[PDB]
Amino acid sequence: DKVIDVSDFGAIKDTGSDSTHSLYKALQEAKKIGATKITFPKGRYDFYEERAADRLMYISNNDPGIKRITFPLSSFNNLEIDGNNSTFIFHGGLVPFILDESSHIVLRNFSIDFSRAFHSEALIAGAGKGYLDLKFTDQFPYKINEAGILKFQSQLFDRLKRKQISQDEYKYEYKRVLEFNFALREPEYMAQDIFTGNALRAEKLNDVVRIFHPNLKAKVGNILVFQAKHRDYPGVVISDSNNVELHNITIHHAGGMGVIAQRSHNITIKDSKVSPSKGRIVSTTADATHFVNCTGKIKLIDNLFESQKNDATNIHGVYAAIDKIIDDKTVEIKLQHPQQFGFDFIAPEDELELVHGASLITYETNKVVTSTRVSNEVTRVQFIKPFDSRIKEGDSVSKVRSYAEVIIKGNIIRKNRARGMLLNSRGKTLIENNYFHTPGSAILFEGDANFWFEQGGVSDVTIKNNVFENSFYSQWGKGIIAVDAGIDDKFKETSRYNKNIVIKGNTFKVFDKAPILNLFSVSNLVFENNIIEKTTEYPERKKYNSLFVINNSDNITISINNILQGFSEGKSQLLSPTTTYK
Amino acid sequence: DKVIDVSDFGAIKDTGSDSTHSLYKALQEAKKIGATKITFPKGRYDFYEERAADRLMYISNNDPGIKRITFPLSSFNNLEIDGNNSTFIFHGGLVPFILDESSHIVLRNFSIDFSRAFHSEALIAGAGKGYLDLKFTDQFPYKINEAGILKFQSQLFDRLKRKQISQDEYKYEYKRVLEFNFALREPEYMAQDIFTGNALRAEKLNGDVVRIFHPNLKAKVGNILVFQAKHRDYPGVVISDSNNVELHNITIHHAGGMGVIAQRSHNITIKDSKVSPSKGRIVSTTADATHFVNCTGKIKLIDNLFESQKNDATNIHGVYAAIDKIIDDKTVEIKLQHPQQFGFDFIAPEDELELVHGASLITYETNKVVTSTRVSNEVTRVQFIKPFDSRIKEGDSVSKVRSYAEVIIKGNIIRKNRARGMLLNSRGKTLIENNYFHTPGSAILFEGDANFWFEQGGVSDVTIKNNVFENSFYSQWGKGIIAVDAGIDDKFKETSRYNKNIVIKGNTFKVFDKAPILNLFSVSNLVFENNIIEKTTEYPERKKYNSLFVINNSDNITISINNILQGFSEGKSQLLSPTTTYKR
Ligand SMILES: OC[C@H]1O[C@H](O[C@@H]2[C@@H](O)[C@H](O)O[C@H](CO)[C@@H]2O)[C@H](O)[C@@H](O)[C@H]1O
Ligand SMILES: OC[C@H]1O[C@H](O[C@@H]2[C@@H](O)[C@H](O)O[C@H](CO)[C@@H]2O)[C@H](O)[C@@H](O)[C@H]1O
Ligand SMILES: [Ca+2]
Ligand SMILES: [Cl-]
Ligand SMILES: [Cl-]
Ligand SMILES: [Cl-]
Ligand SMILES: [Cl-]
Ligand SMILES: [Cl-]
Ligand SMILES: [Cl-]
Ligand SMILES: [Cl-]
């Protein structure tokens, strides 16, 4: 009809049977008659791999390859999916949602989770030099092979069944471990990622598994998280689509990012949450949300982003390195980071910034006349006029876009690994009424043209009426609000990558003298009407003795109109900037 | 015009520079004007990943996914590629050739190799309880991380460069090891695969010697240990949905998987070519030398050398698809079973399908398809013109009735490889003539099953004539020199007749013990005549074998009196009398 009921196509709740193909037929009928809504009777729905559509997908900042997709929303328009607060359980390697060249899509009232997490967790029962003793719950199946290696499994165990289980070992490969505080259910204070690779020596003590690595260190009683090595199955992919809304969507887990958007226009996530399911301390294995080369309005409103293994959000562009200079008008650009391969974005009549790599200073803006994709890495680009004579190979290009207007309000950011928000948004950005409790920098202006190759550089930011409670209590960043753009030291005085930032009306609850602001190459920033409250939530770090570290900047104002409470010193010292951590 | 010189498009020999993009433009020009030949000035040409065309590919019996292709021959026609005996070096994860919906393609006069093999080799310098001491040459770079695990690298080592190299580790993952005899450069006598997984505990002694730890490690000092590549991502030449393809004087030194893999293709010829290791290596391709899946017309392997590969020299078979769901009396959903079979679409309307009982490989009936709908890379819904056999159950399998390929395999040399020689799963007219076999596994194996590999076999017209089987089946990959191992349960061996009409004549069998020359079951009409059987002492005799002919559940089998046996102690009457067991 106008509204389609999935149960009319065979998708039946609370049975544990695969509803993938019944859902697919309901989707095709909705496209056939132009139905405006698809609804689920409230219940549990399970989705498996065997009948899910297969498509080749390049997904920015995630792993490319063949994807089995449960909701293949390719070229859909004016469609709402209302789950009625149903529970969606995905079995194996599945991408729940991919929105590809779709328009006006509303996802509403359901939860996403996987039958077995791609990461793994264990209770730390013992510890010593070069080892940890671990106890695994049943929902993290594993085995120790004859080589003495710990390998997590999709399930415990004929020959063809064993072969299928053997092929699933890739999905649950680890690469590092991170210790989580048991009581606070957050990354352990000042703990760092401990790299291990995908092969840890292990042996069962003769229910306790002992793992061996010379860099292992953790507190007994805490939770050890095995970080998933891959990002193959993000929760919701928004690709080349527009006007997408997520309302009351719970993403309990994903093989990578919860929501990843690329080259998409107008995206809203509201009243949703990324939070672990029962028996887990971690939600998604990568960023909660992420936006690449997106335009229009990006709205994160009244969400809860917690316990994921990476940043809550990152809104940025793509830098493509200048690999080959052919003639004075033609260049061949190359995508650099492996998870950026296959990102096509340079089209004829586009305007490109021609940026110096080590400085992030734009030489000029040139217009593209022709574009030719050679591979998933290299694209040949010819300009309308000869480009700047100073451009060398190793510099980078970036697309001049109608940069996304960022509206991030009412969100809770806590318990996650790494940073809170990477504000690489050059458009008008508003960060209002958010709560931060992150081990890394609550807010970070990053971007570089040497590794990540992410285009950042703000020009209109307002950070107002937020609460920063005991954030940056570890080492993922350089302060509560910090700049860490990829600018060489010899260019910091010359470059001005981030401009026009207002930080007002916020409350900073801090436990030591870590930098509240750590800025370089910033032009025009005002810090006024904020409250700085001293706490004793974590042990004080002797590394830091300055709340405001400022270098190679101009027009920075740490106004007298700021209230400080609980400190022994006064504004004369604590509000005076330094060049070092002091 | 008619002949395009690739150097006219910037492909320069003997420079080490990437010629991928120059070659691509020469290919597009040949298609634009209908050129008939592309020539390479004789020299060395290097191809890299950075500018290779990317396509999704499903390659049967190999690993699917994104492929970077150096020669993307998609919808090319009447084109010859003459390398003039050039050397093509491929750096990293590249598929050298993919022929997709192409016709009348001839490849001749060049060699294919990779700058670093996907497998690894080492000299065994020492041994002890639960370990092996290994010495790796410079062309097999490796790392031992802080976890103490051996991880082979694309090269020895900037932050971005370290990330690129680290991502290459997946390409060189291992899963098992095999011992090779140093002097004879073959799998060690009676040695078997030793499973390890992709993670071996290792430590560098003092450096230069690496000690690997595993309780099942066992090998002779002085021999060579081969680390089997875990993946089959980069086969040498892929022939997919194409027709009339010829390979002449093609040297495939290495591949990430199979040398030549053909699927759903008509008329293929491989002549005067060879699969053999490059300098400093004991192994060539990491999987089958040649392989043909659902192929039709004529398959010709003429005067080739297939040696040192980690699998069979050839396998010519069809695809069994299991009946996963019965919708109604006319409608089923079939499912591809083996992971390296996913994405193999082959059922179309008007196709006729065999409907086969799984455990017996006995065909209930043939039925014609009216409707076909691909659901995933595993499941396809099929509707038939008439209600199918009432005895058909979920778990049985279907197979496409095809104009099964006529197989002509003449003048080849098959030796030094792992596993078997030729898997004769070809139901079409098959001729095996004037070949030389020296395989650790069965020289000729009739296999097929509908429970794991899901490969359709079952011959109907085989002539094995004037071949030389010298000291073959000297290890354990099979059940004899010429053996059947079709997936037929013992319950049904007596009523199932999967292989029919086989003639084995004029051959010379040089054997070192009394392992079975023929090990047959479920065979009807076989004649073994005019053969010469000669006793050797090349390998130690195996006491568990005491019968040259082991025959069970068969009919019309003739081990004729006109065969000749030399060098044995027992009488001719006793040596030609078949048994049901390996001994008595
Ligand atoms: O900074 C850009 C980068 O951030 C996220 O990931 C990295 C992670 O890969 C690394 O190991 O740690 C840092 C924290 O120190 C970040 O978490 C994004 O997932 C990634 O796509 C990229 O955007
Ligand atoms: O038998 C069918 C099968 O044969 C080949 O490989 C297998 C190999 O995977 C296994 O480990 O050992 C056997 C020998 O005992 C064969 O070498 C083909 O590569 C495979 O595609 C399939 O056709
Ligand atoms: Ca064709
Ligand atoms: Cl305010
Ligand atoms: Cl103080
Ligand atoms: Cl600093
Ligand atoms: Cl300092
Ligand atoms: Cl040594
Ligand atoms: Cl015995
Ligand atoms: Cl006699």
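Chain order of the listed sequences is A and Z.
Numbering of the first sequence is given in the numbering used here, commencing with residue 1 and proceeding in unit increments.
Numbering of the second sequence is given in the numbering used here, commencing with residue 583 and proceeding in unit increments.
Note that CB positions come from ideal geometry on N, CA and C, so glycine has one too.
Original post:
Using the beta carbon as the reference atom, which residues fall closer than 5 Å to any heavy atom of ligand 3, ordered along the chain?
Top reply: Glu-683/Z, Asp-823/Z
Original post:
Would you say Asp-870/Z and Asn-886/Z are within 8 Å of each other, going by their C-beta atoms?
Top reply: no
**OP:** Grab the span of the beta strand (DSSP E) containing residue 648/A for me, first residue to last.
**Re:** Given a span of 1 to 582 for chain A in the structure shown, any question on residue 648/A remains unanswerable.
Original post:
DSSP three-state call for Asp-1067/Z: helix, strand or coil?
Top reply: Three-state DSSP puts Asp-1067/Z in coil, outside helix and strand.
Original post:
Using Cβ-Cβ distances below 7 Å, what residues of the stretch 634 to 649 of chain Z are close to chain A?
Top reply: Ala-634, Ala-635, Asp-636, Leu-638, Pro-646, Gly-647, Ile-648
Original post:
Quick one: Cα of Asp-583/Z to Cα of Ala-617/Z, how far?
Top reply: 6 Å
**OP:** Keeping to the same chain, check which residues put their C-beta closer than 8 Å to that of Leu-134/A; ignore five residues upstream and five downstream.
**Re:** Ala-122, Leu-123, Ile-124, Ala-125, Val-208, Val-209, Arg-210, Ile-211, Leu-224
**OP:** Closer than 7 Å by beta-carbon distance: list the chain A residues that pair up with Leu-676/Z, in chain order.
**Re:** Chain order gives no chain A residues near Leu-676/Z, where near means a beta carbon separation below 7 Å; the closest approach is about 11 Å.
Original post:
Is it the case that the Cβ atoms of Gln-153/A and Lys-161/A are separated by a distance below 8 Å?
Top reply: no
Original post:
Three-state secondary structure (DSSP) at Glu-751/Z?
Top reply: helix
Original post:
residue 604/A touches chain Z at which residues, Cβ-Cβ below 7 Å?
Top reply: In the structure displayed, chain A extends from 1 to 582; residue 604/A sits before or after that span and is not available.
Original post:
Using the rule of at least 16 other Cβ atoms within 10 Å of the residue's Cβ for burial, across every protein chain shown, is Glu-179/A buried or exposed?
Top reply: buried
**OP:** For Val-957/Z, return the contacting residues in chain A, with the cut-off set at a CB-CB distance below 7 Å.
**Re:** Here the neighbours are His-21, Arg-51.
Subject >> Bridge-paired residues (DSSP) for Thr-652/Z >> reply: Residue pairing by DSSP leaves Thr-652/Z without any beta bridge partner.
Original post:
Below 8 Å between beta carbons: does that hold for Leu-56/A and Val-237/A?
Top reply: no
**OP:** Could you tell me which residues DSSP puts in a beta bridge with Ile-463/A?
**Re:** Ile-431/A, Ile-503/A
Subject >> Short Cβ contact (8 Å threshold) for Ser-75/A with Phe-110/A >> reply: no
Original post:
Less than 8 Å separating the beta-carbons of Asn-1053/Z and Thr-1118/Z?
Top reply: yes
**OP:** Take residue 1184/Z as the anchor and find which of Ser-685/Z, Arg-633/Z, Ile-594/Z, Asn-1145/Z has the nearest alpha-carbon.
**Re:** This structure cannot settle anything about residue 1184/Z, because the visible part of chain Z is limited to 583 through 1166.
**OP:** Reducing DSSP to helix, strand and coil, say where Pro-769/Z ends up.
**Re:** strand
Original post:
Looking at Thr-580/A and ligand 7, is the gap between the Cβ and the nearest heavy atom below 7 Å?
Top reply: yes
Original post:
Contact between the stretch 1071 to 1085 of chain Z and the stretch 1112 to 1126 of chain Z: three or more CB pairs below 8 Å?
Top reply: no
**OP:** If I'm right that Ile-776/Z touches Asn-798/Z with Cβ under 8 Å, what's the distance once you round it to whole angstroms?
**Re:** 5 Å
Original post:
Taking the beta strand (DSSP E) that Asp-512/A falls in, what are its first and last residues?
Top reply: Careful: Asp-512/A lies outside any beta strand (DSSP E) and carries neither H nor E.
**OP:** Check whether the Cβ atoms of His-290/A and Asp-113/A sit closer than 8 Å, and answer yes or no.
**Re:** no
Original post:
If you measure beta-carbon to beta-carbon, which residues of the stretch 334 to 352 of chain A are closer than 9 Å to chain Z?
Top reply: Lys-334, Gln-336, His-337, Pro-338, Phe-341, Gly-342
**OP:** Take the Cβ of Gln-922/Z as the centre, count every other Cβ of all protein chains shown within 10 Å, and call the residue buried at 16 or more, exposed below.
**Re:** buried
**OP:** Determine which residues of the stretch 719 to 751 of chain Z have a Cβ less than 8 Å from any Cβ of chain A, and write them out in chain order.
**Re:** Along the stretch 719 to 751 of chain Z, going in chain order, the ones with a CB nearer than 8 Å to a CB of chain A are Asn-727, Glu-728, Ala-729, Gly-730, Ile-731, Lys-733, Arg-741, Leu-742, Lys-745, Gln-746, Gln-749.
Original post:
Between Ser-599/Z and the rest of its own chain, which residues show a CB-CB distance below 8 Å, the 5 nearest in sequence each way excluded?
Top reply: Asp-628
Original post:
Thinking just about the alpha-carbon of each residue, which of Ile-463/A, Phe-445/A, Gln-382/A is nearest to the one in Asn-366/A?
Top reply: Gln-382/A
Subject >> Euclidean distance between Cα positions of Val-803/Z and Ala-709/Z >> reply: Whole-angstrom Cα-Cα distance: 6 Å.
Original post:
Of all Cβ atoms in chain A, is any one closer than 8 Å to the Cβ of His-939/Z?
Top reply: Interface criterion not met: the Cβ of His-939/Z is under 8 Å from no Cβ in chain A.
**OP:** Starting from the C-beta of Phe-520/A, find all residues in its chain whose C-beta is less than 6 Å away, skip the five residues before and the five after it, and write them out in chain order.
**Re:** The residues are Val-483, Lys-492, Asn-551, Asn-552.
Original post:
By the criterion of Cβ-Cβ separation under 8 Å, what are the contact partners of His-796/Z in chain A?
Top reply: Per Cβ cutoff of 8 Å: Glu-146, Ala-147.
**OP:** Check each residue's C-beta against every heavy atom of ligand 10 and list, in chain order, those closer than 7 Å.
**Re:** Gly-1153/Z, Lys-1154/Z, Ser-1155/Z
Original post:
For residue 584/A, is the beta carbon positioned less than 7 Å from some heavy atom of ligand 5?
Top reply: In the structure as shown, chain A starts at 1 and stops at 582, and residue 584/A therefore has no counterpart that could be examined.
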